[PDB]
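*Asks:* Here you go, query.tsv (TSV, C-alpha atoms and all ligand atoms):
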chain	number	residue	atom	x	y	z
Z	1	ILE	CA	-62.56	-72.57	211.28
Z	2	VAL	CA	-60.03	-70.19	212.98
Z	3	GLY	CA	-57.52	-68.30	210.76
Z	4	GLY	CA	-58.98	-69.65	207.47
Z	5	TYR	CA	-60.36	-67.88	204.39
Z	6	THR	CA	-63.78	-67.56	202.75
Z	7	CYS	CA	-63.89	-70.62	200.41
Z	8	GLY	CA	-66.21	-69.01	197.86
Z	9	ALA	CA	-69.77	-70.14	196.99
Z	10	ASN	CA	-69.92	-73.87	196.00
Z	11	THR	CA	-66.10	-74.22	195.73
Z	12	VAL	CA	-66.34	-77.21	198.17
Z	13	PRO	CA	-69.24	-79.04	196.46
Z	14	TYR	CA	-69.09	-82.15	198.77
Z	15	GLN	CA	-69.51	-80.04	201.93
Z	16	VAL	CA	-72.87	-80.59	203.66
Z	17	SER	CA	-74.54	-78.82	206.58
Z	18	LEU	CA	-76.48	-81.04	209.02
Z	19	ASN	CA	-79.54	-79.10	210.18
Z	20	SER	CA	-81.95	-79.83	213.05
Z	21	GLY	CA	-83.60	-76.35	212.92
Z	22	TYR	CA	-80.06	-74.89	212.83
Z	23	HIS	CA	-76.61	-75.88	211.54
Z	24	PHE	CA	-74.96	-78.17	214.11
Z	25	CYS	CA	-72.40	-80.22	212.15
Z	26	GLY	CA	-70.69	-80.65	208.81
Z	27	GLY	CA	-70.48	-83.76	206.65
Z	28	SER	CA	-69.26	-84.97	203.25
Z	29	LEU	CA	-71.33	-86.30	200.35
Z	30	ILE	CA	-69.67	-89.59	199.29
Z	31	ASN	CA	-72.33	-90.57	196.70
Z	32	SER	CA	-75.80	-89.35	195.63
Z	33	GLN	CA	-77.49	-90.90	198.72
Z	34	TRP	CA	-74.93	-91.07	201.58
Z	35	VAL	CA	-73.15	-88.56	203.79
Z	36	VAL	CA	-70.25	-89.25	206.15
Z	37	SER	CA	-69.96	-87.23	209.37
Z	38	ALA	CA	-68.71	-87.64	212.98
Z	39	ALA	CA	-70.53	-90.08	215.32
Z	40	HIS	CA	-70.50	-87.23	217.95
Z	41	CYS	CA	-72.81	-85.35	215.53
Z	42	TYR	CA	-75.48	-88.10	215.94
Z	43	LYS	CA	-79.03	-86.93	216.56
Z	44	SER	CA	-82.52	-87.85	215.16
Z	45	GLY	CA	-84.44	-85.38	212.92
Z	46	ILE	CA	-81.46	-84.48	210.65
Z	47	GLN	CA	-82.00	-82.57	207.41
Z	48	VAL	CA	-78.99	-82.65	205.11
Z	49	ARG	CA	-78.38	-79.31	203.28
Z	50	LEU	CA	-76.26	-79.61	200.18
Z	51	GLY	CA	-75.09	-76.82	197.87
Z	52	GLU	CA	-74.80	-74.34	200.79
Z	53	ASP	CA	-72.65	-71.26	201.00
Z	54	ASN	CA	-74.58	-68.80	203.21
Z	55	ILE	CA	-76.49	-71.17	205.59
Z	56	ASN	CA	-78.88	-68.30	206.59
Z	57	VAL	CA	-79.92	-67.23	203.06
Z	58	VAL	CA	-81.52	-69.24	200.22
Z	59	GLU	CA	-79.07	-68.49	197.34
Z	60	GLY	CA	-80.47	-70.93	194.76
Z	61	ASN	CA	-78.08	-73.97	194.63
Z	62	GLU	CA	-79.36	-75.73	197.78
Z	63	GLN	CA	-80.83	-79.22	198.07
Z	64	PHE	CA	-82.57	-79.95	201.41
Z	65	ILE	CA	-83.07	-83.73	201.91
Z	66	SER	CA	-84.13	-85.53	205.12
Z	67	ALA	CA	-82.02	-88.38	206.51
Z	68	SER	CA	-83.81	-91.79	206.30
Z	69	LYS	CA	-81.27	-93.65	208.44
Z	70	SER	CA	-78.19	-92.86	210.55
Z	71	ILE	CA	-75.52	-95.50	211.28
Z	72	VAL	CA	-72.97	-94.72	213.99
Z	73	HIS	CA	-69.81	-96.83	213.81
Z	74	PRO	CA	-70.42	-99.98	215.84
Z	75	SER	CA	-67.23	-99.31	217.97
Z	76	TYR	CA	-67.77	-95.56	218.49
Z	77	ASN	CA	-66.67	-94.63	222.05
Z	78	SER	CA	-68.15	-91.23	223.09
Z	79	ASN	CA	-65.58	-90.95	225.98
Z	80	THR	CA	-62.36	-91.37	223.89
Z	81	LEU	CA	-63.94	-90.32	220.48
Z	82	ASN	CA	-62.37	-93.45	218.99
Z	83	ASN	CA	-64.13	-94.42	215.73
Z	84	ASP	CA	-65.79	-90.96	215.49
Z	85	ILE	CA	-67.59	-91.67	212.18
Z	86	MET	CA	-71.24	-92.03	211.14
Z	87	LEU	CA	-73.09	-92.64	207.86
Z	88	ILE	CA	-76.32	-90.86	206.98
Z	89	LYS	CA	-78.60	-92.14	204.20
Z	90	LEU	CA	-80.69	-89.48	202.34
Z	91	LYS	CA	-84.46	-90.13	201.82
Z	92	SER	CA	-83.83	-89.46	198.11
Z	93	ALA	CA	-80.75	-89.07	195.92
Z	94	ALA	CA	-79.11	-85.64	195.57
Z	95	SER	CA	-79.04	-84.20	192.03
Z	96	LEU	CA	-75.24	-84.06	191.28
Z	97	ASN	CA	-73.83	-81.00	189.34
Z	98	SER	CA	-70.63	-78.79	189.48
Z	99	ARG	CA	-71.89	-77.25	192.82
Z	100	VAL	CA	-73.15	-80.51	194.48
Z	101	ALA	CA	-70.64	-83.34	194.01
Z	102	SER	CA	-69.45	-86.45	195.89
Z	103	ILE	CA	-65.86	-86.69	197.26
Z	104	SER	CA	-63.97	-89.96	196.60
Z	105	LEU	CA	-63.00	-92.27	199.45
Z	106	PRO	CA	-59.25	-92.89	199.75
Z	107	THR	CA	-57.50	-96.04	198.48
Z	108	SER	CA	-54.41	-95.16	200.65
Z	109	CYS	CA	-53.82	-93.40	203.98
Z	110	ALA	CA	-52.31	-89.92	203.56
Z	111	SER	CA	-48.77	-89.38	204.96
Z	112	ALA	CA	-47.57	-86.68	207.39
Z	113	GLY	CA	-46.67	-83.52	205.40
Z	114	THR	CA	-49.66	-83.95	202.99
Z	115	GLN	CA	-51.47	-80.60	202.56
Z	116	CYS	CA	-55.27	-80.86	203.07
Z	117	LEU	CA	-58.36	-78.60	202.86
Z	118	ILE	CA	-60.59	-78.44	205.92
Z	119	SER	CA	-63.91	-76.61	205.61
Z	120	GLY	CA	-66.88	-75.69	207.77
Z	121	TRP	CA	-69.22	-73.13	209.33
Z	122	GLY	CA	-67.72	-73.45	212.83
Z	123	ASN	CA	-66.55	-70.77	215.24
Z	124	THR	CA	-63.82	-68.47	213.79
Z	125	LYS	CA	-62.44	-67.34	217.23
Z	126	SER	CA	-59.93	-69.18	219.56
Z	127	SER	CA	-61.34	-67.02	222.45
Z	128	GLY	CA	-65.04	-66.01	222.42
Z	129	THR	CA	-67.59	-66.78	219.69
Z	130	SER	CA	-68.21	-65.65	216.07
Z	131	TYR	CA	-70.11	-68.03	213.76
Z	132	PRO	CA	-69.83	-67.22	210.04
Z	133	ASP	CA	-72.81	-67.51	207.70
Z	134	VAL	CA	-70.57	-68.51	204.70
Z	135	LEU	CA	-68.20	-71.49	204.29
Z	136	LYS	CA	-64.64	-71.10	205.69
Z	137	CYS	CA	-61.63	-73.04	204.40
Z	138	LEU	CA	-58.22	-73.86	205.84
Z	139	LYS	CA	-55.20	-75.48	204.20
Z	140	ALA	CA	-53.29	-77.50	206.80
Z	141	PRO	CA	-50.74	-80.32	206.75
Z	142	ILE	CA	-51.14	-83.74	208.34
Z	143	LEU	CA	-48.77	-83.89	211.36
Z	144	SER	CA	-46.44	-86.83	212.18
Z	145	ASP	CA	-48.08	-89.47	214.43
Z	146	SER	CA	-45.21	-88.70	216.93
Z	147	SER	CA	-46.06	-84.86	217.04
Z	148	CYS	CA	-49.70	-85.81	217.40
Z	149	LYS	CA	-49.01	-88.24	220.36
Z	150	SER	CA	-46.64	-85.67	221.99
Z	151	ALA	CA	-49.41	-83.01	221.83
Z	152	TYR	CA	-52.12	-85.33	223.25
Z	153	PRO	CA	-50.38	-87.94	225.44
Z	154	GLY	CA	-52.50	-91.10	225.83
Z	155	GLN	CA	-55.45	-89.85	223.67
Z	156	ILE	CA	-54.46	-90.58	220.06
Z	157	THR	CA	-55.55	-93.94	218.65
Z	158	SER	CA	-54.53	-95.51	215.30
Z	159	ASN	CA	-57.97	-94.16	214.03
Z	160	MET	CA	-56.94	-90.53	214.55
Z	161	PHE	CA	-54.49	-88.10	212.97
Z	162	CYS	CA	-53.48	-84.53	213.78
Z	163	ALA	CA	-53.51	-81.78	211.17
Z	164	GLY	CA	-52.79	-78.09	211.58
Z	165	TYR	CA	-50.11	-75.92	213.12
Z	166	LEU	CA	-48.30	-76.47	216.42
Z	167	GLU	CA	-47.75	-72.61	216.59
Z	168	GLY	CA	-51.60	-72.32	216.84
Z	169	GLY	CA	-53.74	-69.59	215.21
Z	170	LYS	CA	-55.20	-71.91	212.49
Z	171	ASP	CA	-57.59	-74.80	213.29
Z	172	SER	CA	-61.06	-76.26	212.89
Z	173	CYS	CA	-63.43	-75.48	215.80
Z	174	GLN	CA	-66.90	-76.19	217.34
Z	175	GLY	CA	-69.50	-76.42	214.53
Z	176	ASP	CA	-66.87	-77.68	212.01
Z	177	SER	CA	-67.42	-81.11	213.60
Z	178	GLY	CA	-68.18	-83.92	211.14
Z	179	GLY	CA	-66.80	-81.88	208.22
Z	180	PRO	CA	-64.23	-82.92	205.64
Z	181	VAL	CA	-60.46	-83.05	205.48
Z	182	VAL	CA	-59.67	-83.55	201.77
Z	183	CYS	CA	-56.10	-84.28	200.54
Z	184	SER	CA	-55.36	-84.78	196.82
Z	185	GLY	CA	-59.12	-84.93	196.01
Z	186	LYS	CA	-59.88	-87.72	198.57
Z	187	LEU	CA	-61.68	-87.65	201.91
Z	188	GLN	CA	-58.86	-88.42	204.41
Z	189	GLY	CA	-60.37	-87.00	207.61
Z	190	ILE	CA	-63.47	-86.01	209.58
Z	191	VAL	CA	-63.30	-83.02	211.95
Z	192	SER	CA	-63.49	-84.84	215.32
Z	193	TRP	CA	-61.94	-83.01	218.34
Z	194	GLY	CA	-59.19	-80.82	219.81
Z	195	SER	CA	-58.28	-79.00	223.03
Z	196	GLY	CA	-60.05	-75.64	222.52
Z	197	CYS	CA	-59.35	-74.17	219.02
Z	198	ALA	CA	-56.11	-72.90	217.43
Z	199	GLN	CA	-54.15	-73.27	220.72
Z	200	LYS	CA	-50.35	-73.59	220.71
Z	201	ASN	CA	-49.26	-77.31	220.75
Z	202	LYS	CA	-52.93	-78.45	220.46
Z	203	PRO	CA	-53.70	-79.22	216.78
Z	204	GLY	CA	-56.97	-80.58	215.43
Z	205	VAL	CA	-57.66	-84.32	215.73
Z	206	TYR	CA	-59.42	-85.99	212.76
Z	207	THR	CA	-61.00	-89.40	212.21
Z	208	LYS	CA	-58.67	-91.43	209.90
Z	209	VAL	CA	-61.17	-92.27	207.08
Z	210	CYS	CA	-58.72	-94.66	205.25
Z	211	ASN	CA	-59.27	-97.13	208.17
Z	212	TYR	CA	-63.10	-97.17	207.55
Z	213	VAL	CA	-63.36	-97.70	203.76
Z	214	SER	CA	-64.34	-101.42	203.94
Z	215	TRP	CA	-66.95	-100.59	206.68
Z	216	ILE	CA	-68.30	-97.64	204.58
Z	217	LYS	CA	-68.51	-99.69	201.36
Z	218	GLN	CA	-70.06	-102.80	202.96
Z	219	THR	CA	-72.57	-100.58	204.93
Z	220	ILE	CA	-73.66	-98.63	201.79
Z	221	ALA	CA	-74.02	-101.91	199.80
Z	222	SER	CA	-76.57	-103.41	202.31
Z	223	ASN	CA	-78.61	-100.34	203.44
K	301	CA	CA	-78.06	-71.07	201.65
Would you mind writing the file's structure down as structure tokens?

*Replies:*
Amino acid sequence: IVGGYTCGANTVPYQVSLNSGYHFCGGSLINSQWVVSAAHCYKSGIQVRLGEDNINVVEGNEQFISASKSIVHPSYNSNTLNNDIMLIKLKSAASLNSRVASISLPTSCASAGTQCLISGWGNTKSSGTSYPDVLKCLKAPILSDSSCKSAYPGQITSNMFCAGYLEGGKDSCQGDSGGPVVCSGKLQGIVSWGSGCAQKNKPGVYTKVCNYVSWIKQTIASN
């Protein structure tokens, strides 16, 4: 996250860190046994780390639970990042409390102008590299589909939305991938891609979670 703020320990209780010996992606806890992330975060040997603030220090609220199964969206295209969404099943259920909590799926798609909270442990610089140990937060609006298409001609599908600031300076970034975009207490987006980070006229592009609810629910019900 570039140009965000320190969230505060366990203020984003649905935020997960995906760990394969190191933090490589974010994710969202959507019930006691399932995590949603980006399909581009797929790898085998995932440990899900819940209740994290400082990902380098054991602070006492963590749950570390292995993934039993990963399910990449059947139509995920790694070239276009269309349908950039994956489900991860935990080997056992997370213990839910005020610091580890599921985020609701949306019943409606969020409109342009909706303010959202994006969170992650990604790079905090637009040029060069500085990875924070503690969770960073950013409040950002959803941009009009027309702004979004103007910024990224020929790359935005109906399964993507833009959020952020066309002036630049405030964005998600590498290592925020797979993390949440929450608007009015509902998971609306997954941190998917962008051209660099926090560049002028190049906002963040997010997987449009409202399009995937039936797929998420039917997948969870049978696995
Ligand atoms: Ca920790």

*Asks:* Work out how far atom CA of residue 102 of chain Z is from atom CA of residue 203 of chain Z, in Å to one decimal.

*Replies:* 27.1 Å

*Asks:* Could you check the closest approach to residue 101 of chain Z for each of Z:13, Z:4, Z:45, Z:194 and tell me which residue wins, using only C-alpha atoms?

*Replies:* Z:13

*Asks:* I'd like the interatomic distance between atom CA of residue 189 of chain Z and atom CA of residue 86 of chain Z, to a tenth of an Å.

*Replies:*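 It comes out at 12.5 Å.
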
*Asks:* Got a sec to check which residues lie within 6 Å of ligand CA 301 (chain K), using all atoms listed in the file, and send them as a VMD selection string?

*Replies:* chain Z and resid 52 to 59

*Asks:* What does the distance between atom CA of residue 170 of chain Z and atom CA of residue 29 of chain Z come to in Å, to one decimal place?

*Replies:*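 Atom CA of residue 170 of chain Z sits 24.8 Å away from atom CA of residue 29 of chain Z.
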
*Asks:* Could you give me, as a ChimeraX atom specification, the residues within 9 Å of residue 175 of chain Z, counting all atoms listed in the file and dropping anything in the same chain fewer than 6 positions from it?

*Replies:* /Z:1,23-26,120-123,131

*Asks:* Let's have the selection written as an mmCIF file, in the coordinates of the input, with C-alpha atoms.

*Replies:*
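Saved result, selection_13.cif, follows:
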data_model
loop_
_atom_site.group_PDB
_atom_site.id
_atom_site.type_symbol
_atom_site.label_atom_id
_atom_site.label_comp_id
_atom_site.auth_asym_id
_atom_site.auth_seq_id
_atom_site.Cartn_x
_atom_site.Cartn_y
_atom_site.Cartn_z
ATOM 1 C CA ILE Z 1 -62.560 -72.570 211.280
ATOM 2 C CA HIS Z 23 -76.610 -75.880 211.540
ATOM 3 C CA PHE Z 24 -74.960 -78.170 214.110
ATOM 4 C CA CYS Z 25 -72.400 -80.220 212.150
ATOM 5 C CA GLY Z 26 -70.690 -80.650 208.810
ATOM 6 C CA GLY Z 120 -66.880 -75.690 207.770
ATOM 7 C CA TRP Z 121 -69.220 -73.130 209.330
ATOM 8 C CA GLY Z 122 -67.720 -73.450 212.830
ATOM 9 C CA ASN Z 123 -66.550 -70.770 215.240
ATOM 10 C CA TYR Z 131 -70.110 -68.030 213.760
#

*Asks:* Just want the 9 Å neighbourhood of residue 211 of chain Z, counted on only C-alpha atoms, with same-chain residues fewer than 2 positions away dropped. Output as a PyMOL selection string.

*Replies:* chain Z and resi 109+158-159+207-209+213-215

*Asks:* Write out as number ranges by chain which residues come within 12 Å of residue 195 of chain Z when counting all atoms listed in the file, dropping same-chain ones fewer than 5 positions away.

*Replies:* Z: 126, 151-152, 155, 162, 168, 171-174, 200-205

*Asks:* From the options Z:119, Z:37, Z:95, Z:6, which residue's atoms come nearest to residue 50 of chain Z, counting all atoms listed in the file?

*Replies:*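 Smallest distance to residue 50 of chain Z is found for Z:95.
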
*Asks:* Missing atoms in segment 195-213 of chain Z: can you complete it with N, CA and C atoms, as a PDB file, in the frame of the given file?

*Replies:*
ATOM      1  N   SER Z 195     -58.258 -79.684 221.727  1.00  0.00           N
ATOM      2  CA  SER Z 195     -58.280 -79.000 223.030  1.00  0.00           C
ATOM      3  C   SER Z 195     -58.508 -77.522 222.736  1.00  0.00           C
ATOM      4  N   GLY Z 196     -59.720 -77.006 222.964  1.00  0.00           N
ATOM      5  CA  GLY Z 196     -60.050 -75.640 222.520  1.00  0.00           C
ATOM      6  C   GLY Z 196     -59.908 -75.556 220.998  1.00  0.00           C
ATOM      7  N   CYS Z 197     -59.544 -74.384 220.481  1.00  0.00           N
ATOM      8  CA  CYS Z 197     -59.350 -74.170 219.020  1.00  0.00           C
ATOM      9  C   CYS Z 197     -58.135 -73.285 218.813  1.00  0.00           C
ATOM     10  N   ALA Z 198     -57.264 -73.695 217.890  1.00  0.00           N
ATOM     11  CA  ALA Z 198     -56.110 -72.900 217.430  1.00  0.00           C
ATOM     12  C   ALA Z 198     -55.133 -72.634 218.570  1.00  0.00           C
ATOM     13  N   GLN Z 199     -55.131 -73.441 219.630  1.00  0.00           N
ATOM     14  CA  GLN Z 199     -54.150 -73.270 220.720  1.00  0.00           C
ATOM     15  C   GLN Z 199     -52.789 -73.823 220.299  1.00  0.00           C
ATOM     16  N   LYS Z 200     -51.751 -73.149 220.794  1.00  0.00           N
ATOM     17  CA  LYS Z 200     -50.350 -73.590 220.710  1.00  0.00           C
ATOM     18  C   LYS Z 200     -50.269 -75.045 221.205  1.00  0.00           C
ATOM     19  N   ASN Z 201     -49.605 -75.904 220.429  1.00  0.00           N
ATOM     20  CA  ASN Z 201     -49.260 -77.310 220.750  1.00  0.00           C
ATOM     21  C   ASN Z 201     -50.516 -78.170 220.866  1.00  0.00           C
ATOM     22  N   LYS Z 202     -51.657 -77.709 220.353  1.00  0.00           N
ATOM     23  CA  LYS Z 202     -52.930 -78.450 220.460  1.00  0.00           C
ATOM     24  C   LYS Z 202     -53.614 -78.430 219.100  1.00  0.00           C
ATOM     25  N   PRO Z 203     -53.094 -79.199 218.103  1.00  0.00           N
ATOM     26  CA  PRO Z 203     -53.700 -79.220 216.780  1.00  0.00           C
ATOM     27  C   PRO Z 203     -55.016 -79.994 216.818  1.00  0.00           C
ATOM     28  N   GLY Z 204     -55.731 -79.869 215.719  1.00  0.00           N
ATOM     29  CA  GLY Z 204     -56.970 -80.580 215.430  1.00  0.00           C
ATOM     30  C   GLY Z 204     -56.713 -82.076 215.322  1.00  0.00           C
ATOM     31  N   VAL Z 205     -57.665 -82.847 215.827  1.00  0.00           N
ATOM     32  CA  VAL Z 205     -57.660 -84.320 215.730  1.00  0.00           C
ATOM     33  C   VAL Z 205     -58.843 -84.716 214.847  1.00  0.00           C
ATOM     34  N   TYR Z 206     -58.558 -85.617 213.893  1.00  0.00           N
ATOM     35  CA  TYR Z 206     -59.420 -85.990 212.760  1.00  0.00           C
ATOM     36  C   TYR Z 206     -59.556 -87.504 212.705  1.00  0.00           C
ATOM     37  N   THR Z 207     -60.754 -87.968 212.384  1.00  0.00           N
ATOM     38  CA  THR Z 207     -61.000 -89.400 212.210  1.00  0.00           C
ATOM     39  C   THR Z 207     -60.249 -89.802 210.931  1.00  0.00           C
ATOM     40  N   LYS Z 208     -59.491 -90.896 211.002  1.00  0.00           N
ATOM     41  CA  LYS Z 208     -58.670 -91.430 209.900  1.00  0.00           C
ATOM     42  C   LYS Z 208     -59.549 -92.284 208.992  1.00  0.00           C
ATOM     43  N   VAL Z 209     -60.130 -91.670 207.975  1.00  0.00           N
ATOM     44  CA  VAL Z 209     -61.170 -92.270 207.080  1.00  0.00           C
ATOM     45  C   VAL Z 209     -60.605 -93.491 206.332  1.00  0.00           C
ATOM     46  N   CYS Z 210     -59.304 -93.526 206.024  1.00  0.00           N
ATOM     47  CA  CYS Z 210     -58.720 -94.660 205.250  1.00  0.00           C
ATOM     48  C   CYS Z 210     -58.939 -95.967 206.020  1.00  0.00           C
ATOM     49  N   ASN Z 211     -59.063 -95.916 207.346  1.00  0.00           N
ATOM     50  CA  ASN Z 211     -59.270 -97.130 208.170  1.00  0.00           C
ATOM     51  C   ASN Z 211     -60.702 -97.671 208.051  1.00  0.00           C
ATOM     52  N   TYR Z 212     -61.641 -96.900 207.499  1.00  0.00           N
ATOM     53  CA  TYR Z 212     -63.100 -97.170 207.550  1.00  0.00           C
ATOM     54  C   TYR Z 212     -63.704 -97.485 206.197  1.00  0.00           C
ATOM     55  N   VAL Z 213     -62.870 -97.543 205.159  1.00  0.00           N
ATOM     56  CA  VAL Z 213     -63.360 -97.700 203.760  1.00  0.00           C
ATOM     57  C   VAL Z 213     -64.165 -98.988 203.635  1.00  0.00           C
TER      58      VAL Z 213
END
